[PDB]
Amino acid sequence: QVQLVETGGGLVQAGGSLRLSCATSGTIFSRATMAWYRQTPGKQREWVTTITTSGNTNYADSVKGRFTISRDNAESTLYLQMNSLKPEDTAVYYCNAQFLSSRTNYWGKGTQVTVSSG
């Protein structure tokens, strides 16, 4: 089966940084279009960033210049580097693997990120 396991969430102070990791079944990874979504408290799941199989990227306006998506096909791992975190970034973050021709989506159960203001 397919398994998407997010890690790296936690508590951080505003202005700090976190790096999320999503390890996948290596069977599929280099073939998948990958993305991160997030669910802020009391809201629906929203798109954050996409990375194609060639490594080209796009970002939501609210995270441009602060977040970086990357993929390491050799490690079957998707990353999200989150810099300059703000309390509005508090959310459950989910990794998403997409197969374009079959329109298949796989999802991780998500990792909590809490950004305190102090």
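In case it trips you up, residue 1 is the first one in the sequence shown, and so on.
Novice: Would you mind comparing 98-106 and 10-18 for me and telling me which has the higher average C-alpha temperature factor in the entry?
Specialist: Here the higher of the two C-alpha B-factor means belongs to 10-18.
Novice: Can you tell me which stretch has the higher mean Cα B-factor, 107-115 or 1-9?
Specialist: Higher of the two, by average CA B-factor, is 1-9.
Novice: Name the one of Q39, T57, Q81, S30 with the greatest CA B-factor according to the PDB entry.
Specialist: That would be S30.
Novice: Select one of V92, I51, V48, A74: the residue whose C-alpha shows the highest B-factor in the crystal structure entry.
Specialist: Out of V92, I51, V48, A74, the record gives the largest C-alpha B-factor to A74.
Novice: Just say lowest, middle or highest third for the CA B-factor of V63 relative to the other modelled residues in its chain.
Specialist: Middle third.
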